[PDB]
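This document opens with one chain alone, in structure tokens, the form deposited in one PDB entry.
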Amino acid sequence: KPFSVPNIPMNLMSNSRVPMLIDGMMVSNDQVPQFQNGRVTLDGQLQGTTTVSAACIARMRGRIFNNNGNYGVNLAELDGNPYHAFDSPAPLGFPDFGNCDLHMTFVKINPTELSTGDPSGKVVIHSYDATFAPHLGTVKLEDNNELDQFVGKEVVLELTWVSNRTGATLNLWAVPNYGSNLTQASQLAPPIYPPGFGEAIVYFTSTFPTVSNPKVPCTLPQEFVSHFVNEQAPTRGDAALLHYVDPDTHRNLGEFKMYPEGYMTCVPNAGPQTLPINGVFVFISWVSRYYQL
């Protein structure tokens, strides 16, 4: 197959780290990305905790437990099948926000528990301390006095909002310590560094209640991820040249280079000006690493 990117305007696609529309892109004004969601090669090989559907982003699933005066969740994949530690740092879709407080909303998910009554709850999960061990299959839940009815029950959890850990700032580039003190989590997606030639990594942004820093950056729109998995197009050069074009006239508004590892770069600040957010990325051709933006 010939390589391509989605022919969908940027502002109709989802962030890959939270399920929110993209409302911008930017280079970092400071900070190394090693996100575990939104990670895929250009030839369609998923990495980290990344999966296909935006319906999976920043969610968890598992059975709530209570032991030794502490609550937690025994994790599974979002479809209810078991999580195998060999395959990934955590179950697919697991939030990749580290060293912070994850404020989750959850619902019972067993049909037999969904015939009557309110199946919903909320809970805080720290993405820190040794009891945060999703690679080992478990995470601690903060006791809010409203978890007892859910002990022994299977639930699905979604990330509602995020706040800083007491004594620390909220760092959206922090990598969660998935393997606790036991091991480095298997199959972590690697850190990304810019290649040179004045180039800077591009982040796609969404406004989201990461309180104190409500702009979540990711390295690929989720629909790019599913596109590459669908296509499995062979990588045929150092970089894929993209033009970001006017959605109606197809005039080029700016050039980008996508690298095989699954991220893109630009040379920013080429006269003050602002790119619109409703443009469309179009694959032009494979180009050498020396292509100058």
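By rigid core we mean the largest C-alpha set that fits within 1.5 Å across both forms. Throughout, we count residues from 1 along the sequence that is shown.
Only in words, not in the display: the form deposited in another entry, which the text now covers.
Per-residue Cα shift between this form and the one not shown after core alignment stays below 2 Å for all of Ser120, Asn74, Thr160, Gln184 except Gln184.
Between the C-alpha atoms of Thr183 and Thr131, a gap widened by no less than 3 Å is obtained in that other deposited form, as opposed to the form on display. CA of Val73 to CA of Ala185: farther apart by 3 Å or more in that other deposited form than in the shown form.
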